[PDB]
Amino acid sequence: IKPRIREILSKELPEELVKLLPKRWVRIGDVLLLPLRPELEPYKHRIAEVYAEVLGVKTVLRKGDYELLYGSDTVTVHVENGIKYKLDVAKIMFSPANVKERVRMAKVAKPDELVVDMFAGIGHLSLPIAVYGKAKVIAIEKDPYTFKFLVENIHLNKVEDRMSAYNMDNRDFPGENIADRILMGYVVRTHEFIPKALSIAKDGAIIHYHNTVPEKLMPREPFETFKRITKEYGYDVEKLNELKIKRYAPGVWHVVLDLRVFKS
């Protein structure tokens, strides 16, 4: 609400700085992500404080991982498309920059499927599936801290019946030829996980494969590379779909490819 923020802060800021105040922000649970121009640095705390008041949030992080500008408690529960996502906003990446994809996941699975989430996080991609798809889900998350939330989110959504969780590196995962669908929501050279994926996959399984490719190499990549690694195993793969996502600089998109693999 500009007027109120303006009314309060104009009382302490040069009108010149006033004009520069944040016009937008991101909100996650009761935590605010707030972007700030350089020339406002001296006043950052007071600014975050009044925005906290009028926007009704407990804590403010700098949007620009994140600097604490006001408050202390960065844990919160964020509700999206009917799903409760508990997280620690400061320590765990989560962005409505990717809400479309989480919505999509709500519309892909059939209740029979076994799905394996190789980079579960707090359940970003898997929860939508366990709730709307009604399919079974095994979810793997390496970080013990992240893992706590993943677990908690399973209860918060009343799916503990059809969704399990392991705090381990996906590489050490025992299952093989068990997955009808695989989630690979990771972006740091995800291609190094293709082999384990192919191992976990059943013949014909669908894989949601995320990664970050320079647009220079598009649309050859990232598929070519996926294709060739798969060849190393005598398996074949068909590209069903390629969506672009949080395309981000410099010069590299974040894409997701929907692929089917054939174990011959």
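Residue positions are given as counts along the sequence shown, with the first one as 1.
Asks: Indicate whether the chain is continuous between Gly64 and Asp65 or, if not, how many deposited residues are absent from the coordinates: none, 1 to 3, 4 to 9, or 10 or more.
Replies: The entry has 4 to 9 unmodelled residues between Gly64 and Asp65.
Asks: Which of the two stretches, 27-35 or 203-211, shows the higher mean Cα temperature factor in the record?
Replies: On average, C-alpha B-factors are higher across 203-211.
Asks: According to the deposited model, is the average Cα temperature factor higher in 253-261 or in 3-11?
Replies: Higher mean C-alpha B-factor: 253-261.
Asks: When you compare the CA B-factors of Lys196, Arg220, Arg228, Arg46 as listed in the entry, which one comes out on top?
Replies: It is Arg220.
Asks: Hey, out of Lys107, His191, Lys148, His78, whose CA B-factor is highest in the deposited coordinates?
Replies: Result of the comparison over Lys107, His191, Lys148, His78: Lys107.
Asks: With respect to C-alpha B-factor, does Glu176 fall in the lowest, middle or highest third of the chain as deposited?
Replies: Highest third, going by the recorded CA B-factors of the chain.
Asks: For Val131, return the chain-relative third of its C-alpha B-factor as stated in the PDB record: lowest, middle or highest.
Replies: CA B-factor rank for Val131: highest third.
Asks: Looking at the temperature factor on the CA atom of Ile122, which third of the chain's modelled residues does it land in?
Replies: Its C-alpha B-factor, which the entry lists for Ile122, ranks in the lowest third among residues of this chain.
Asks: Comparing against every modelled residue in the chain, figure out the third that the C-alpha B-factor of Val89 lands in (lowest, middle or highest).
Replies: Ranked within chain, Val89 CA B lands in the lowest tercile.
Asks: Based on the entry's values, in what third of the chain does the Cα temperature factor of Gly71 lie: lowest, middle or highest?
Replies: As the PDB entry reports it, the C-alpha B-factor of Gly71 lands in the lowest third of its chain.
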